[PDB]
Amino acid sequence: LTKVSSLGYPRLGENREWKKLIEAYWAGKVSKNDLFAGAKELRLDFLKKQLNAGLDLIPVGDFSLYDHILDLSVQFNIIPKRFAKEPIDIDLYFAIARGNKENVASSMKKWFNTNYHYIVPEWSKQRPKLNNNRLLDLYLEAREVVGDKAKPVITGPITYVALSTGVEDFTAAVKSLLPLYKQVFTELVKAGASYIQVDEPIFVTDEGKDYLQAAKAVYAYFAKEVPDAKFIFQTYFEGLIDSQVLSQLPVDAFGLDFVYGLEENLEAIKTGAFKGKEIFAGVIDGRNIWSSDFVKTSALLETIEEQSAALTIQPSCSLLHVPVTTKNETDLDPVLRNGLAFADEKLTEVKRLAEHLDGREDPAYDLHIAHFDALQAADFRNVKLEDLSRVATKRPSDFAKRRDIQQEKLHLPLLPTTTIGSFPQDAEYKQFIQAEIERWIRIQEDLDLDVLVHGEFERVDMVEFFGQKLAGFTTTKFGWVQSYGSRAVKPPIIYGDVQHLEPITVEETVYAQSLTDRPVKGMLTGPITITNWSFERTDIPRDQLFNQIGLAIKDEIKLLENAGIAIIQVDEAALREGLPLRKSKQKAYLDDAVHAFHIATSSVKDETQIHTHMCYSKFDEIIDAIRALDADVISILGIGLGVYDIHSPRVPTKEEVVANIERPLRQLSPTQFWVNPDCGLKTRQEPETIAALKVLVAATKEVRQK
C-alpha cells in the first residue's frame, strides 16, 4: 500500500512538440485556439503516461507555457510596472517572458543549482490578487483523466518571494500572498483535492535558515484555513535545513530529498522526528539519467518506513530536469541503454520500488538489478587509464621563474590584448571553416590584437565538441531538457571511463597559427564545465571523474604543445552551477577542481603559458583556490581583464573601456594584466564585434602611453 508519486514532468513532449508549438505561436503561425489545444493534448498525454506507470498521486500544475514561476506572477498579479496597462491574457504572459515592442522582458535566473532558469518576479506597488483560475482549471482537467489520483502542485510563498526582486520587506510580501494561496487551496479541496504539493526548496539552502519562523507562521495559517487538505511541505536539491525545527510544522507530510540530501535527511529520520508524519521520500535521482541501484534504494526505503508514520515513494525532484525517454535511443549499446532511465523509465522505477517494499512479487525487480549489474561490469567502466603516480601535479618552476622564460620567448608588450576564443558564426566543410578561420585571423591582425584565436567556428558547444572525441562519452538522439523558455539542451552522457585517444583541437589551432606570426592560443574546456553540462556517472566519486578528465585534457595539451602552440587556455563557464549549494561543502569541491587542474596542466614545459578563463562574479570567497591553480593567467599573478560586455549588442566607447582597464591597475603591478572582452563573443554580431574590438585596442594602446 506504499503510494507512488512524482513532483513534476517535462513539458517538451517526446519530440519537442511543446517547443515547436510556442515558437510557432510567437512567429504568428499558430492561433490561440491551436496553442491551447496543442498544449492540452500534451498535458493529457503526460497524465496518461503517469497514470499508466501506476502512480497513486500524479502531479498536476507544473505544466507551463514558459516557466512555473512566471505562471504565479501573472496568477497573483505580480506584474512588472511597465506592463501594468496591458490586458491580462496569454499575450501579456509571453510579453513578460520575452518582452515586446515597447518593454524589455523580465530577467531570468538559475533555478537553484540546476540548468533550468526561471523568470524573476518584479515586485513594485501592485497589490496581489488572483487574475485567473490556472491551477483549479488544470486540476479539474486532470481529474477527468486520473480521478482522485490528481495531486495539485505549486511553488510555496516563501520560496516565491525569496526568488523575487524588488521586495523591501520579505514578511510583508509573503503575508500579502497568503489569502490568494488560501483561496487557491480551498477551491482545489472543494473540487476534490486531498494531497497538495507545496514546493519550498528554499529550505534546503543556507538562505533558508533565515525563514524558519516564516514557515511556522505560513503553514500554521494554511493548516487552520484549509483543515481538509493534506499538505506536503516539499523540498529538493539538498537536505532539509534545521530538520528538528521544521519537523514540527503543522503539515501532514514532508517531501525529503534522499539523493541530494541523504546524510542530513537520514539523520533527521533516525532521530524519530518524523515518526508521526508521512514522508514523501525522493529516492530516485530526478536530475540524472542512470537506472536506480535497487538493492541500495530498497534498503534505504526500509529504514525510512521504520521511522515514519507513512511513506510515499517518488523521485528526488521534478522530472522536468531530465529527458523524456530512452525508448527511441536506438544508436546506444544495449548494455548501456538497459542501464539508463529517463523520465518515463523513472516513473516505472518508483512503482516497482513500492511493489517490492510491499512484498509484491514482480519479475521486473530482479531483472532491473541484472541490467544494472551488467552495466557496472561493462568493459567501458573497467578501462586501464594512466597511472596517476607517474603524472606531475605541480610544475617544475614557480610563476616567477616561468614568467621571465615566457617573456623572453613571447616578447609581448605591456597590457597585451587578446580575446576569449569564439567569434560570431568532409573536405568541403573543413576548407569552409579554414577559410573563415583565416578571414578572422586577418581581421584580428588588422585590429592589431597581440594574441590571436581561431574563432571556434567549428564548435557549437564548448562541451559537446570534446565529448564527441573522448572515450567514455556518448550523445543521445532525442535526450532534450528544457533550459529556459523554449530553449532546450541535449546533454552528452559520460557513461564510462574517460580517455583521450585522438587529437581534438590540434588541427584548427595549428592551422590558425600557421597563418600568423602572432601567438595563437589553444582552447580547451575544464572538468567543472564538462561535468556540470553533461549527465555525469554517479557510480564513481566526483574526484575520480574530475581526475580522469584532467588526464584527458593533459593528453590534449601535450599534442598542442608538441605542435608548437605557445599558449593554451582552459575554459570554465559553469562554476556558478557547479559549486555546491551548501557553503560547508564548497571547499571540498574546489579542492577537487584544483587537483584536476594540476593534473591537466603540470606536464608542460616552463615556456608554455597556461591560461584559464572562468566566467564568475565574486572571487572573494574563492581566492585561495584561484591561487592554488597556479595558472600563468586567468581572464575575468597574471590576470586578464574583461572590459567589453559581449552579452549586449552595444559598442563601448574608448572613454568607458579606458576606465575599465585603469581601475584594476590602481593596485597590483601593471605587468600582470591583459585586456580582452568578457566571457565569449560567439553570440555577438560581426559589425558590432569588430567595431567594439577596435575601441578595445585603441583604449589599451592609450593606457600603455599613459
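Don't overthink the numbers, they just go from 1 along the chain as shown.
Structure determined by X-ray crystallography, 1.9 Å.
Even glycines carry a Cβ here, placed using N, Cα and C.
Listed in Swiss-Prot:
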BINDING   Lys19, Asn115, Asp461, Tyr484, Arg487, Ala488, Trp533  5-methyltetrahydropteroyltri-L-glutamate binding site
BINDING   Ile420, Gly421, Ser422, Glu456, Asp571  L-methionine binding site
BINDING   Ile420, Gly421, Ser422, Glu456, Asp571  L-homocysteine binding site
ACT_SITE  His647  active site, proton donor
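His647 (active site, proton donor) has none of the binding-site residues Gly421, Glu456, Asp461 nearby, counting only those with a Cα within 10 angstroms of its own Cα. Ranked by how many other Cβ atoms sit within 10 Å of their Cβ, the binding-site residues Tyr484, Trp533 place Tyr484 at the bottom. The binding residues for L-homocysteine are recorded as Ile420, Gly421, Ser422, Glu456, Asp571; their greatest pairwise CA distance is 13 Å. Gap check: 17 residues are unmodelled from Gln425 to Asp426, and the C-alpha separation across it is 19 Å. In sequence order, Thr419, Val453, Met462, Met523, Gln569, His613, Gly680, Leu681, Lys682 are the residues of the same chain, not among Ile420, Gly421, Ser422, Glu456, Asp571, whose CB sits within 8 A of the CB centroid for the L-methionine site. For the gap of 19 residues left open between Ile636 and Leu637, the distance from one Cα atom to the other is 13 Å.
For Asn115 (5-methyltetrahydropteroyltri-L-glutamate binding site), the Cβ neighbour count at a 10 Å cut-off comes to 18, with all displayed protein chains included. For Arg487 (5-methyltetrahydropteroyltri-L-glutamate binding site), the nearest of the binding-site residues by C-alpha distance turns out to be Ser422; the candidates were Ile420, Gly421, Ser422.
Remark: of the binding-site residues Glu456, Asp461, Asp571, the most isolated position is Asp461 (fewest other Cβ atoms within 10 Å of its Cβ). DSSP gives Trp533 (5-methyltetrahydropteroyltri-L-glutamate binding site) a helix state.
Of all Cα pairs drawn from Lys19, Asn115, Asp461, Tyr484, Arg487, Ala488, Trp533, which the record names as binding 5-methyltetrahydropteroyltri-L-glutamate, the longest spans 21 Å. A straight line from the CA of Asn115 (5-methyltetrahydropteroyltri-L-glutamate binding site) to the CA of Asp571 (L-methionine binding site) spans 18 Å.
Every protein chain shown contributes to the tally, and the Cβ of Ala488 (5-methyltetrahydropteroyltri-L-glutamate binding site) ends up with 18 other Cβ atoms within 10 Å. Take the Cα of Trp533 (5-methyltetrahydropteroyltri-L-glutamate binding site) and measure to each of the binding-site residues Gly421, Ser422, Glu456, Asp571: the nearest one is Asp571. In this structure, the C-alpha atom of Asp461 (5-methyltetrahydropteroyltri-L-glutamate binding site) lies 13 angstrom from that of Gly421 (L-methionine binding site). Counting every protein chain shown, 10 other Cβ atoms lie within 10 Å of the Cβ of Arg487 (5-methyltetrahydropteroyltri-L-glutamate binding site). Counting Cβ atoms from all protein chains shown, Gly421 (L-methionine binding site) has 24 others lying within 10 Å of its own Cβ.
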